[PDB]
Each structure stands twice: as C-alpha cells, then as structure tokens.
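What follows is a short report on a single structure.
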Amino acid sequence: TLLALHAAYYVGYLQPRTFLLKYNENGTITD
Amino acid sequence: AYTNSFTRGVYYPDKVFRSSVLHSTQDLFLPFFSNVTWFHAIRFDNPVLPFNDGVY
Amino acid sequence: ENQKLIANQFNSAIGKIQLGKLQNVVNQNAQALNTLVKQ
Amino acid sequence: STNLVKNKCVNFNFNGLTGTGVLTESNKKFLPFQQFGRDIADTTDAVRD
C-alpha cells in the first residue's frame, strides 16, 4: 500500500472457513 | 504489531438476495478473533507483505 | 364440599399452561419435506 | 429484448437464467448489487429485469 506523501489499521489473511450468516428482512447481513 | 479482529471480514458471498434466512456458506473468510497484523502509521518506508489467499 | 377448590385449581393449573408432543409432530413433518426439496 | 407481460404463465429468461412461472409486481427492496432472489427452499423467487 502507498499513501500520499506531503490510524490503528489491520491486515488479515483469508482461509476457507465455514460460516453461518444471518440475513435480515432488508437482505443485508446483521449477524 | 498484532491485534484482535473481533468480528471483521464478513461479506456477501453471492449476489443472491435472501431475506431473514440463516444461510450457511463455505468459502474464504477472515476467521473470527484472528490475529491480524496491526501496523503503525504515525519499517514505514517500504512495508511489503505477501498475498496468499486474499487480504483484509 | 370443596367446589371452590376445583374452580380455583382449574384456573391456576391452566394458568401454569398459558406442547412438547404436538410441536414435535409439526417439526418432523417440516424437516422431512425440507430435506426432500434440498435433494 | 421482449416486452414485459405479467399475471400469465410464461417461459422467462432474465439475463441468462432459465425457469418458467408467472411474474408479479412486488414491493420488497433489493440491494444495488443483488440480482437474484431466493427463499429457504433454495429456489428462485425474484429477479429484476
């Protein structure tokens, strides 16, 4: 990543993990 | 330079619309309470790090 | 000799009520059809 | 590029998905990136043209 030359940020890693979702009545994920 | 990502990295795996269902998918996610690589922004000249299976 | 005991205990015991066997039968029918659809 | 007819059993093909049924006007809201629509039984229930 580059920034603008003249903050508690993360970087994580993804893995094939099973996950159970919870869609609401709006079609978005609430849990 | 390590911290705890509480519940982060959850997204919509497909463009299907679903309403009030508990759907169970199996694909790439950032695991819950994972040890994500925290950084300081205030080393900092050239912070290169590998891309393995997607990054958050 | 104790009719008022019957009417009060009738109110209280149904008051404790307000269905394990019945909700089970509805649920087993629901999972049977849902596995059939997901096949 | 066919016109839209409703309240009648047709053989629709919306953006490369097969399926027959009768199309009805709805009121439920989508998200801007979402195209399909499914229920608990994992069948198509909605699609915007």
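At each listed q (0.19 Å⁻¹), what is the log10 of I(q)/I(0) that the Debye formula gives for chain D modelled as equal alpha-carbon point scatterers?
Ignoring solvent entirely, the Cα scatterers give -0.69.
Just report the Cα centroid separation between chain D and the range A:4-20, whole Å.
The distance from the Cα centre of chain D to that of the range A:4-20 comes to 36 Å.
Report P(r) for chain B: all Cα-Cα distances, bin width 10 Å, range 0 to the bin holding the largest distance, values in whole percent.
Histogram of Cα-Cα distances, whole percents per bin: 17, 40, 28, 12, 3.
Taking the Cβ of B:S19 as the centre, find all other residues whose Cβ is under 12 Å away and add up their charges (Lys, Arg: +1; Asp, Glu: -1). Provide the component values of the computation, followed by the final result.
Values: positive: A:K22, B:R18, D:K28, D:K29, D:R38; negative: A:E25, D:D39, D:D45.
Spelling it out: positives minus negatives among the neighbours equals +2.
Treat the protein assembly as shown as a sphere of radius equal to its Kirkwood radius over Cα pairs and apply Stokes-Einstein at 10 °C in a medium of 1.306 mPa s; give the translational diffusion coefficient in µm²/s, rounded to a whole number. Let's see the in-between values first.
Details: Rh = 22.2 Å.
Roughly 72 µm²/s, to the nearest whole number.
Can you pull the mean other chain C-beta count within 10 Å for peptide D:22-31? Numbers along the way, then the final one.
On the way: counts 0, 0, 0, 0, 0, 0, 5, 5, 4, 6.
Mean shielding by partner chains, rounded to a whole number: 2.
Over chain D, what is the relative contact order in percent, taking alpha-carbon pairs closer than 8 angstrom and at least six residues apart?
Numbers: 45 pairs, mean separation 12.6, N = 49.
So the answer I get is 26 percent.
Cβ coordinates were reconstructed from backbone atoms using ideal geometry, including for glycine residues, and neighbour counts include every protein chain displayed. Taken together, the values in this text are just the output of simple stated rules run on the coordinates, not laboratory data.
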